[PDB]
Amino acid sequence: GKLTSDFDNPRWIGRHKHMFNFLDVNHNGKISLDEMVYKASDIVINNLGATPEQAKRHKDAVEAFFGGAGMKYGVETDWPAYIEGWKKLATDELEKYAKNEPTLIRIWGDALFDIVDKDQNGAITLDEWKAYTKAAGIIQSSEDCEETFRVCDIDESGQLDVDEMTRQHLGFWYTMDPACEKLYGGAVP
């Protein structure tokens, strides 16, 4: 694995700058925690049929995750404060990884996969991953969705679970692990 940060890597900055511009759908140069939690909850409730119990769990997880990057309700976060807050989020997540503490990215996955998995067993199929990532907009083509199941160590079903995805997300969002490249296909650089 890799438990060292790489915040000076221009491709780490560019990866999250891509995400920031993807999240700033109204081209305001700034995004709020209200917008992020709305987008997240809108997906699982209105596209994926989450129950109120599932949605509340998922809401607290998304709220914590983006809140870990310094975003707050009623506050607009511009790009400089965004990437600065994302360094603090990656640092806190890397401390949790090292302490074998439940990370914010795992807690979001567990809450999300309970919705995305129709059997609610913490493992999603390729069609279910295409359903979520296209509703979220983070992936547009079915080709990029298939790259996820190539990069990830899929089980024998074969489905993707939170254990494997948390491992991939460690290297993709936090440490720039070369083996975690193309986790979202070509949709996210």
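Sequential numbering from 1, following the sequence displayed. For clarity, a rigid core is taken as the largest C-alpha set superposing within 1.5 Å between two forms.
Stretch comparison, 154-162 versus 130-138: after rigid core superposition, larger RMS CA deviation in 7 other deposited structures of this protein is found for 154-162. As the entry records it, the average C-alpha temperature factor is higher for 88-96, out of 88-96 and 104-112.
Mean CA B-factor, 30-38 versus 142-150: the higher value falls on 142-150. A136: CA B factor in the lowest third of modelled residues in this chain (values from the PDB entry). Ranked against the other modelled residues of its chain, the C-alpha B-factor of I45 as given in the entry falls in the middle third. Per the deposited record, the Cα B-factor of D60 falls in the lowest third when ranked against the other modelled residues of its chain.
When the modelled residues of the chain are ordered by their C-alpha B factor, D127 lands in the middle third. Compared with the other modelled residues of the chain, the Cα B-factor recorded for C180 ranks in the middle third.
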